[PDB]
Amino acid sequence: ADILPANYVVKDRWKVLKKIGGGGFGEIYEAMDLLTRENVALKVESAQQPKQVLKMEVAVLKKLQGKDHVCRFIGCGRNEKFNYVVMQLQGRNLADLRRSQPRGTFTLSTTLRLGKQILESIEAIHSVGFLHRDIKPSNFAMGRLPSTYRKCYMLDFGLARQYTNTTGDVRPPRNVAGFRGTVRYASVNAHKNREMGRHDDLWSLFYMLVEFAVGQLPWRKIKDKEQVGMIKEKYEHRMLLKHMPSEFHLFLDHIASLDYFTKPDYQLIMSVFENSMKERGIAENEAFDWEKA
């Protein structure tokens, strides 16, 4: 029941090698580019699928071309059986890299430098009028070339939503919006089924970086969406920062102050990461934890 079989050739050019991801709303393959001879990522959506989301994902990817932390767009197409997008292939995701560490923790040097790259990518998608709405470690992947192996890329615009109108104004929020994303890194606003905003993507970043540095979140053993929301709603969030740099209070206080309508202070959050690095003599050119160095 896979949309493309192995060795299936798309548009006489992209030859399916294997499936590398899958879910309700489509499938991702590693393919060989029979023209440029590199391997690529080939993402497909059934032509029959009721919710046609790939067209929006491609529009977002095209708007982001020229930004850092963005997969190169190679091509896209539509036919009677499937829609597809061809993009730059990336490597190891941050969730797998964190689980591979001895205590499931990154150093503060790896955590802060990843934080800077993820924040850049979040500001980038916001800058073209979209929310990601499922910011989580498995949606960020390190490069797989000499030119990219220390670069972190944003993946999966499947749950993204335009927060502006045709003319660049902020859209009215729906009084109820069903949160359909991942439980562990969801904001309290998402748990309450409120329209998500730019701040909710930064809430997900906040929770990610605590988990990277400390190795866990307090609710990690609880899978039920309602229970997790009730735990987060009361949790004294300053407690999450007991073993984090003190600058992180500025980050917590800022995003706590935001509502659906308010543009975040991305530079304030960047300065938290940069000041936390400078205080501890952490340089940008340092080895990541997973490197031999």
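C-alpha atoms forming the largest set that superposes within 1.5 Å between two forms make up the rigid core. Don't overthink the numbering: it's just position in the shown sequence, from 1.
In summary, of the stretches 127-135 and 163-171, 163-171 shows the greater Cα distance from the shown form in 6 other deposited structures of this protein, with structures fitted on the rigid core.
As listed in the deposited structure, the average C-alpha B-factor of 236-244 and of 35-43 is greater for 236-244.
When the C-alpha B-factors of 221-229 and 258-266 are averaged, 221-229 comes out higher. Per the PDB record, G168 has a higher Cα B-factor than any other of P137, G143, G168, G158. Looking at the C-alpha B-factors along this chain, the one for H199 belongs to the lowest third. Per the deposited record, the Cα B-factor of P102 falls in the highest third when ranked against the other modelled residues of its chain. Sort the modelled residues of the chain by CA B factor and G115 lands in the lowest third. Per the deposited record, the Cα B-factor of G77 falls in the highest third when ranked against the other modelled residues of its chain.
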